[PDB]
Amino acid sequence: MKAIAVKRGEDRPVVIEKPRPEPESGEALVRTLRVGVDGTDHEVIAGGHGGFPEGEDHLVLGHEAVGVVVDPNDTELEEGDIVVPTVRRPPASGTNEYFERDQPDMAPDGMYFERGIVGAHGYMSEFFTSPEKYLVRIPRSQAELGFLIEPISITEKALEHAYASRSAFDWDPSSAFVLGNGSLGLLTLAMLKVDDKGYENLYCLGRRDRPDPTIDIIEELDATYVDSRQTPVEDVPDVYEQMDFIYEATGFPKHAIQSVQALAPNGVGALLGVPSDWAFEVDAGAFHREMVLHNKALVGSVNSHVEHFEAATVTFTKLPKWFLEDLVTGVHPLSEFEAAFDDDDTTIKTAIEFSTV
């Protein structure tokens, strides 16, 4: 079978061949339909070759997959089922409490593999296998954009934990502010528009010049574009209003600190960004006091699990068609896959199509 991979010492994704996998007990064989490209794929391609599987020359890319079950094997799935795989699998040493308790998304460093990211091949091959417990059935009509279910699920989990932080009181948020205009930020912005919390005012932070398709999406969702070069996060309460909810998706460390200042009393920041170490001058006293005197929270979140993938299917149905059309800037056949790894301002979410149903 064909697969798209990064090889050791190389700086580009390429087509390789490897045998079609065979499902072990409790696993189904899946024919890959479409796989989304993400920042993490770009990070692997950049020179992050520490994530390769034990004793292997390459890493198959892609962790945002949708496929069709072609061999249900000894599982309870049926042939023809449209499924999305979860990302996390047990590490080398085998299972642990996180996997046993059906919460591998809460497993710490070294206690999981992530397919297409660290320790395990991804989904950008014509076929893959997975335990039935990690295959989430989705509605058949979500096959076309099914590669979106995984990133939606990231937000489903983050919101679940952030909202849990506020559950000891009657929290009544009216404003939400997404930091970041990548596909995650933009997905989250549309999600917050359909959120039960009934947000009145939505904002999204970026740093683009017009004309820009992320600005257009933000504005078409009836949200305010906040150009950080004009109005930084801490200035936002002056220029706009205090934000009950902040969802951080920039990976900018200053935003973790400054979100505390931009928050309304009793608000929560969800942090999703993954920055490298970076030291600079912080008014920790103001950070600390503001958290306390105004009963604020910061909640970090990573990965997601089955419940979040199921929630994502419901959320998907509520997402506007125009939005899905504009968010997905290109689906590329495997024949011309290289275009999927385009990275520029007009490129929002791409995917590679391996087959059709």
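Throughout, we count residues from 1 along the sequence that is shown. Rigid core here is just the name for the largest C-alpha set that superposes within 1.5 Å across the two forms.
Structural divergence in 4 other deposited structures of this protein between 323-331 and 44-52: following superposition by the core, 44-52 has C-alpha atoms lying farther from the shown form. The stretch that moves more in 4 other deposited structures of this protein, judged by CA deviation after a rigid core superposition and choosing between 240-248 and 268-276, is 268-276. Stretches 238-246 and 143-151 differ in mean C-alpha B factor, with the higher average recorded for 238-246. Higher mean CA B-factor, judged across 218-226 and 182-190 from the recorded values: 218-226. Of all the options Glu54, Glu310, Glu64, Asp326, the entry's greatest CA B-factor is assigned to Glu54. Annotation for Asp212, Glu126, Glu114, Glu281: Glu281 ranks highest, by Cα B-factor.
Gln261: CA B factor in the middle third of modelled residues in this chain (values from the PDB entry). Per-chain ranking of the deposited C-alpha B factor places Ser304 in the lowest third.
In this PDB entry, the Cα temperature factor of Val118 sits in the top third of its chain's modelled residues, the highest group. Among the modelled residues of its chain, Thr40 has a C-alpha B-factor that falls in the highest third according to the deposited record. Among the modelled residues of its chain, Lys157 has a C-alpha B-factor that falls in the lowest third according to the deposited record.
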